[PDB]
Amino acid sequence: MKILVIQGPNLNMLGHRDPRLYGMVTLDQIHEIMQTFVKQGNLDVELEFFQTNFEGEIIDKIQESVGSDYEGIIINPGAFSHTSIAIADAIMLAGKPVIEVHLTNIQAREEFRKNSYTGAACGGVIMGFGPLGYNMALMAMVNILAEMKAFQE
Amino acid sequence: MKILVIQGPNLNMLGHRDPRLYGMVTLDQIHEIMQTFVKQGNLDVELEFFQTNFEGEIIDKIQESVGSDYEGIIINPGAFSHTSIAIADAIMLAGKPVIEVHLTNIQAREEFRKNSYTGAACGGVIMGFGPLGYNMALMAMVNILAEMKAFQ
Amino acid sequence: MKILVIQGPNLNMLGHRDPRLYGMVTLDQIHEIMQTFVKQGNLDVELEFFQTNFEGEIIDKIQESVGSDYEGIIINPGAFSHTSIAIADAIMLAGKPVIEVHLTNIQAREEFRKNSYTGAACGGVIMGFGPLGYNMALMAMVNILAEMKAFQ
Amino acid sequence: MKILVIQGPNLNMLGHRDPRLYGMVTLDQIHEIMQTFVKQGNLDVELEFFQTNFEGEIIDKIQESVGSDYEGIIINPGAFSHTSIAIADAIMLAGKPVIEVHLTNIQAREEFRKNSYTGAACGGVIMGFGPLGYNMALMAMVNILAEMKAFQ
Amino acid sequence: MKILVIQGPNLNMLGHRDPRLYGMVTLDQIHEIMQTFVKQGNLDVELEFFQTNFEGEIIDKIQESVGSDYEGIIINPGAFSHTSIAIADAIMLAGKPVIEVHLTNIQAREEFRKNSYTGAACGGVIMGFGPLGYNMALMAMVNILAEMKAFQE
Amino acid sequence: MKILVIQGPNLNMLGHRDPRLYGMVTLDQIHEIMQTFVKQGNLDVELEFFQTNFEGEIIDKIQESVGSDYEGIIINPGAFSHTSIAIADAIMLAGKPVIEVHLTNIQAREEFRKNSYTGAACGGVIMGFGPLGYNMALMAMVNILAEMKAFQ
Amino acid sequence: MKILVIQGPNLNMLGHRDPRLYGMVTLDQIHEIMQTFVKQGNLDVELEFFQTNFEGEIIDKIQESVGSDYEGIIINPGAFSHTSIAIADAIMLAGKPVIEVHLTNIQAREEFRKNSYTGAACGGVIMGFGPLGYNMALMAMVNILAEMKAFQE
Amino acid sequence: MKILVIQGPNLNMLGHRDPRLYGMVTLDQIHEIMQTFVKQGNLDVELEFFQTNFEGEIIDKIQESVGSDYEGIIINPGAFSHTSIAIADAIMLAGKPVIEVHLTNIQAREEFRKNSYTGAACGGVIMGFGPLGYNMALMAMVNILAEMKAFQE
Amino acid sequence: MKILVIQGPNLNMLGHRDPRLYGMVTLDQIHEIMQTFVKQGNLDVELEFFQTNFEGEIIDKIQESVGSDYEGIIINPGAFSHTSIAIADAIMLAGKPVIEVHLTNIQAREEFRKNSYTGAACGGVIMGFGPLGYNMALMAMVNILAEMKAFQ
Amino acid sequence: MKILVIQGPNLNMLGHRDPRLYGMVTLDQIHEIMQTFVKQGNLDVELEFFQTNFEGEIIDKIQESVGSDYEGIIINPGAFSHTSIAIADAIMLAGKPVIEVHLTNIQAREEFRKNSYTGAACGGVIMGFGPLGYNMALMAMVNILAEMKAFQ
Amino acid sequence: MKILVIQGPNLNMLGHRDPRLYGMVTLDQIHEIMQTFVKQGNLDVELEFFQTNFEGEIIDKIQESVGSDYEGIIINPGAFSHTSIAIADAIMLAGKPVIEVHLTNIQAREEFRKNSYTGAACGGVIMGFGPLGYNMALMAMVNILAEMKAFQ
Amino acid sequence: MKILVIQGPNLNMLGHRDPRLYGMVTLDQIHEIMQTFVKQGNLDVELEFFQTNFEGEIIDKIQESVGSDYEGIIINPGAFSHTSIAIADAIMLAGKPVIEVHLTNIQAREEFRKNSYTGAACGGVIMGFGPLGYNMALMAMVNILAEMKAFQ
Ligand SMILES: C/C=C/c1cc2c(s1)[C@@H](O)[C@H](O)C[C@]2(O)C(=O)O
Ligand SMILES: C/C=C/c1cc2c(s1)[C@@H](O)[C@H](O)C[C@]2(O)C(=O)O
Ligand SMILES: C/C=C/c1cc2c(s1)[C@@H](O)[C@H](O)C[C@]2(O)C(=O)O
Ligand SMILES: C/C=C/c1cc2c(s1)[C@@H](O)[C@H](O)C[C@]2(O)C(=O)O
Ligand SMILES: C/C=C/c1cc2c(s1)[C@@H](O)[C@H](O)C[C@]2(O)C(=O)O
Ligand SMILES: C/C=C/c1cc2c(s1)[C@@H](O)[C@H](O)C[C@]2(O)C(=O)O
Ligand SMILES: C/C=C/c1cc2c(s1)[C@@H](O)[C@H](O)C[C@]2(O)C(=O)O
Ligand SMILES: C/C=C/c1cc2c(s1)[C@@H](O)[C@H](O)C[C@]2(O)C(=O)O
Ligand SMILES: C/C=C/c1cc2c(s1)[C@@H](O)[C@H](O)C[C@]2(O)C(=O)O
Ligand SMILES: C/C=C/c1cc2c(s1)[C@@H](O)[C@H](O)C[C@]2(O)C(=O)O
Ligand SMILES: C/C=C/c1cc2c(s1)[C@@H](O)[C@H](O)C[C@]2(O)C(=O)O
Ligand SMILES: C/C=C/c1cc2c(s1)[C@@H](O)[C@H](O)C[C@]2(O)C(=O)O
């Protein structure tokens, strides 16, 4: 099964900036950890990784999850989580399972980070586990897609 | 007269997703309905259609309108209606007629859809008629322009 | 089909006061324009016009609509748009098409004009086109009704 | 005991519109149910019923309750509950017991129904029991009037 | 000159209810005091008195101040002061001077009395002087209409 | 009919403290008044009374109403009305009729008493009648239970 | 009887700045108009005029209305109307009648002018009549002090 | 390692009430699934399960995580998530890792569920995965405690 | 005189956790300091100490105070200060002196600590002095009681 | 040690006005009570008293404290507590102990008295004890200073 | 050019207190830095410096700028920026260019510093550059005064 | 010094639309004025200019400032100032000085312009001076870079 990992604005700077707040592990390193999670689990999962600082590129990518190629999305929308009704609508419209991940606990930071339009549109949200949250999302997504398959059969 | 029809984020997914909310007519089907409204009315209107999920492509397109080709805009900014001061400002600086259309009644949904920066910047707003709203906007734009050329 | 045109408080003062805000066409002149739109289109539409400054007369009239004479309402509730839950409720219980019209763009004036209880209760809202907005509403109501009789 | 039952706007449409929210029992049926309750408990109570969509008619009627004819009021102000400081003041100035009734639970619907200016002016408030709430009010009104008289 | 005195909902109950809050002087007594103010001043003023509990009657009356019969309005809108955008618009549209009077200080009571849509539409507001406020409004209106006349000449 | 009457925090201090606000009738007296009301109307109703200052004991007790012993609850949550989402959820999950009672009019006191999470979860709410409100609730509960059974 | 007229911050610039908003009549001219109002009425009133841009000077002056010399105060607190809980408390503590005057209608301007801590502390408020409001306050104060005298006797 | 699973008010009614909103799987069934997760993983984890409808019992239990017996807590505070500053403080004071779990997405329900005092106090939050969220929390906690151990050595 | 010292949720963890926020003196050490303040002053004061994490145990204890044993309460409600209308109400109905103490300055922390329902219900509040605040409260309670017995 | 006692606007009117709100003891009487508390305790405390209605005189005085004469401030800013960021800032920059006192419980009055910029800037706040609050502050300041000289 | 530099409350404590927030450069040093900037660019500018903790002295001084002596004002109102509608009005009534300066970024501190009534009244606002901001203001003031004169 | 000047959405329309609000000077003219300012003060500064209507292009460009090419950024984010937490975070993560400029005074326009997420992330903010503000920023940037180097 194909799982699309979408990483939003500023995430490409992971490990390179503000280690104290977001950690030393880079985005390329998180994605290799996700692939090793699959390999070791022998999961029937093909991951695709996509990062962008553009709202419109995120939406275009989500819409491309139309065709029977991608089954689920794992998304960290970054700061667009708090502001983008347009990505939230794209998630609602996608009609495939979407899981939201935040490295930090967005309940425990500035008041302006508390709202997540996107996260409200997603089936589930994971926050404050750093990079591990992404392996937690994989685990979850595999289970959700298998349970959807059982129900269809 | 040249009329530019701008369709904002997610609008291209019409008729393919969430039919009970946004209906079964696709974006291509709305646009051919608008064309038929023109043809069948022998209106002297040349339509151009543009869809995008990018706020900046919308601004670029509104600014591209400045050069005596395009005379009015009919815009559905989608979710950017509620969030984009930047598009509101582009509308303000465009210095020609802009009508906002919404498929749904944005007073009757989530609280976060009630604010419209863009609609506040347009001369007129139409909402809740589905696709017919775009034909309503055409009727308006043609009367507005007609009346503008007489007053000049 | 019978269409009822309800004009709320102050609307009768049109063209006699504050022309730079609400224009120079009077309420009688808008209504004869709507009639001409019907006649000149050979629409099978019988218009009835009603103006009042009384919230209760508006409710009475919406309820009087219940009996298979009137098929849709075109309403400009005036200032009651922003304050009258009671008219919103009458609209909800009326069980037929209601379109709200506003002469001005109520997203672009005082903050207290942004809320519309009534417009939230209507299928569609039109604002900011001046008098033309009522012709836009007629076009809509006729298409809505047409489409309703086919689906029955 | 002469007890005035005032029914506010839209209440005359009971049973005739939106049965799923407000029930199939009509206003006339509720008033027969109140008389049946007065009989089958031998309350020395004479009911007077008054329905209106006019705020001012409700205020006129409350003021009429000045003369030693009517001893208490049972009121369902409808949507005026949420908006009418004028009816709340009329209640306050009346100096007779008033009891507010709502068919629905106005803590469990839209946010705009939670405020009741009127309810706050009343001695007590009943909500969410449908037509029975009016009998519950009768029960309390007879009791309140008894207490006042024992004190006299 | 003709001055219209509009008294809003509940005002007809003055002196008869809640003396403690609104006083012992009745509405009919305030209006006789206003007429005696004119008579004694030898003011060229004809007063018309109108009370109603209907928003629509107030608006109808204000609109009737169209014809060159009434020059100014003195209004106590009562509780409609706080709620009626429709009366505020009627005042704005009237294009004759309108003065708002409150018996009580509506800054010193419930929070819901603080907003006055109507008072914001009026040229001036007088509050908290009881019945005297109405003679204060007369004095003011006479002066305003005389000053308007001088300016036109 | 087994009907559980739950009385929330501070309610056991009735009559013993602040008589001017909450009356001189004690909680024990209110419960005798409820039994007297069941007798003098031959309601086939058995009352169980429970008072506590613990939120969790109220939730434990509502959950106990799972087994086909207790058919309905009459609750005065006290100050937990304004604060306890946990009791409101217990009410929602109970799937038996619940009716909320307050001695005072909680629309007419401090701003912090106006919210009732619990009341919103209940089928109906009664306030401002003092001890009588509990009898009013009984009346409604017996009726609600009858309607449910006729439907069964 | 002695009536103290307190004029708050910026009022000394009347007639000299922003004529369009506050008028051409200067503060010294308003005070002469008030004195002519007394003279012509033959009112038993001695006026004292005091302007200051200092909150503390206003409060000190109000407290000086302790001794049986001043019977009433007519105050335009200016912008301190909206901000000074300290002047509002001084008014409450004074226990003599105080009337608030605004040249403009503070209901019809910026949202930040709508609150009047001071005006809520005063028995009455007059706003939007320009200079005339001060003669309206005099009229009112004379009537209030005479009515207080009758009641004491 | 000992992991304490705290389940808050109403959770004991899982599977028995409102299946549509919270599911058919009971609380006792979730806890057996967590134990099978451990057994199958061969994790060095001893689970203790505790449910209560009492705020004070939750706090007492958290404080009992003082002694070097329990290393981490997995908590679903239920409705106390939104209201209990006292449990949030107990979490802050505990100085052991605490993970918050919600069955539902509390961003996508009533406005009153959006605030989580407790979740802000926790290192991480998981929401909207139903029962699976608890196995996701276990996975996370095992990883967090192992990483803490490596760092101490 | 008997003085009851009530310490609310988490207070028992003092000096064992978060020393930089709440200090290094334990709850037992504060209480023996209060005892020494009494002894060393030969005050005629008998202290009783009570800590709990349960809102209902606090209410129970305030109500238990009603019987002419206990003359005043010194309370630190902890986090319940900000949330418990139920304890505020218990304080109001207790009908004797209650002083609230907080170790920290609750005006100078998170916004959610600024509201104190309980402190609004107490005669006096002390905050920000650490443990010394409890000795300050003792000094106050003894002067308050002294002055109360003279006035009786 | 030198302790400066600053009394803000209106405080000089104590005991001469509104006795039921602020009591009958004058400002001079409070200050001689504080002196007696010192003398009778043989505290090594030299008090200086300052009252003013001027925000700037308060700031001037706090800044004048900078020079090794004055060691701590006891302040009642009066109404400036709720409005003066400028005094809050002066307190922050003063770099020595400041205790705020209020005669009344400012959590239990108008909503506009609940905010205290100044009290948020002080180490400790005392409110609701009347004049005794100033003796409480003295006790605190002496213990705070004592403890500060030992730690140096 | 005579340019008045007004420094508001607490500003005279620069360098003497809280160096970590406001720097180690004193107010006197900032004013020498401004003179050095006028020299090393030959601005025909004469500076006058005025610091005060009194709102009324700031208003008195702004009013003094009436007479054709002072052509512009450079002001750092301190905390009065956030609270003084009176100083904002004095700025508005002055009819000479005024420029506001803050040492710190008042968008990046407490929520209560974000509002500036004064800044809103000024032609421009500078923040977050420390002492340099005053030179930046000088630069703009000389330019603004030039533009006005070219126009003259 | 390589200094990047980023100009946000709508800024390329300077001088071409709404001259009354934003002036007649074009973006190209502002950038020549900045070069002229660098010359006539011999700042060893090389400017790079970048304008875009795309939020993501602004973030891409700020990230490009990672490599030791560009030492500081001067940014006018346009309307993204009020809405873009994403650009504010890019500013924060950049770890080079950034200075925000606005042509207009964003404290003196609509309420929706007062918030600046970006400005809050920046070292300083300049507003209301028109084109000159960019030179003021240059002045500060060269200084800030000097201070950092002296420290190096
Ligand atoms: C290199 C930057 C990573 C960021 C992650 C996030 C950012 S910025 C923020 O813009 C957002 O508020 C929270 C966030 O999505 C997270 O914690 O994962
Ligand atoms: C295929 C999606 C169409 C949408 C239309 C709209 C969306 S999403 C929403 O994002 C917006 O709130 C309302 C809206 O502009 C409309 O009703 O036309
Ligand atoms: C002659 C007055 C006409 C009015 C129209 C309207 C008014 S007043 C207002 O009271 C309302 O806010 C807007 C409005 O409904 C519209 O623009 O059509
Ligand atoms: C036929 C309509 C009945 C209505 C009743 C009510 C309405 S409308 C509403 O306008 C109001 O909010 C609640 C209400 O008073 C009730 O539940 O009884
Ligand atoms: C007999 C009732 C007189 C009233 C006057 C007024 C009422 S009710 C109120 O409804 C309104 O809030 C204030 C008011 O207009 C006034 O003080 O004059
Ligand atoms: C002896 C105390 C009785 C109380 C009742 C109530 C209290 S306290 C309050 O805590 C609550 O706000 C209202 C209330 O439920 C009622 O009016 O019945
Ligand atoms: C020369 C300035 C006169 C002013 C008067 C007033 C000002 S400023 C304002 O500071 C205030 O908002 C209203 C005001 O008190 C009034 O209209 O009288
Ligand atoms: C049987 C009830 C389970 C509940 C779970 C929850 C409840 S009630 C709620 O009280 C809370 O808002 C969310 C919640 O913690 C969750 O989704 O896990
Ligand atoms: C060991 C924990 C002590 C606490 C004290 C307090 C807590 S937690 C808090 O929960 C409360 O907000 C403030 C408080 O009451 C105080 O400062 O005394
Ligand atoms: C003689 C006036 C005394 C005052 C004291 C106070 C006042 S006015 C008030 O202006 C302030 O809100 C509370 C206060 O500081 C206190 O209770 O000590
Ligand atoms: C020695 C104190 C200097 C201060 C400056 C300022 C203060 S206090 C504050 O009171 C204000 O909020 C911001 C301010 O104007 C600035 O950053 O320049
Ligand atoms: C040609 C448009 C220029 C604009 C500038 C600005 C705009 S639009 C606005 O979108 C923004 O609120 C303020 C602003 O950044 C400024 O004053 O420089």
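We number each residue from 1, going along the chain as drawn.
Heads up, header says this was done by X-ray crystallography, 2.0 Å.
Positions of Cβ are set from backbone N, Cα and C atoms, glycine also.
The site 'Transition state stabilizer' feature in Swiss-Prot is assigned to F:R17. Taken from Swiss-Prot, the feature active site, proton acceptor covers F:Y22. Among the features that Swiss-Prot reports, substrate binding site is placed at F:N76, F:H82, F:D89, F:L103, F:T104, F:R113. Annotation comment: Swiss-Prot describes F:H102 as active site, proton donor.
Structure coloured by features recorded in Swiss-Prot.
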residue: F:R17; record: site 'Transition state stabilizer'; DSSP class: coil
residue: F:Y22; record: active site, proton acceptor; DSSP class: helix
residue: F:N76; record: substrate binding site; DSSP class: strand
residue: F:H82; record: substrate binding site; DSSP class: helix
residue: F:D89; record: substrate binding site; DSSP class: helix
residue: F:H102; record: active site, proton donor; DSSP class: strand
residue: F:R113; record: substrate binding site; DSSP class: helix
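Within its own chain, F:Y22 (active site, proton acceptor) has F:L14, F:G15, F:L103, F:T104 as residues 6 or more apart in sequence whose C-beta sits under 8 angstroms from its own. Annotated pair F:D89 (substrate binding site) and F:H102 (active site, proton donor), C-alpha to C-alpha distance, rounded: 19 Å. Using a cut-off of under 8 A between C-beta atoms, the recorded positions F:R17, F:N76, F:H102 that neighbour chain I are F:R17. In this entry, substrate is bound by F:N76, F:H82, F:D89, F:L103, F:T104, F:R113, whose most widely separated C-alpha atoms sit 24 angstrom apart.
Closest to F:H102 (active site, proton donor) by Cα-Cα distance, out of the recorded positions F:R17, F:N76, F:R113, is F:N76. The two recorded residues F:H82 (substrate binding site) and F:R17 (site 'Transition state stabilizer') have their Cα atoms spaced 21 Å from each other. Ranking the binding-site residues F:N76, F:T104 by other CB atoms within 10 A of the CB puts F:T104 at the bottom. Figure note: comparing Cβ neighbours within 10 Å for the recorded positions F:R17, F:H82, F:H102, F:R113, the maximum is reached by F:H102. Across the structure, F:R113 (substrate binding site) and F:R17 (site 'Transition state stabilizer') are spaced 20 Å apart at their Cα atoms. The Cβ neighbour count for F:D89 (substrate binding site), using a 10 Å radius over every protein chain in view, is 22.
The CA atom of F:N76 (substrate binding site) is located 18 Å away from the CA atom of F:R17 (site 'Transition state stabilizer'). For F:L103 (substrate binding site), the count of additional Cβ atoms within 10 Å of its Cβ stands at 24 [all protein chains shown]. Each of the recorded positions F:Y22, F:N76, F:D89, F:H102, F:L103, F:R113 was checked for a CB under 8 angstroms from a CB of chain B; none meets this. In sequence order, the binding-site residues from F:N76, F:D89, F:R113 that place a Cβ under 8 angstroms from a chain H Cβ are F:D89.
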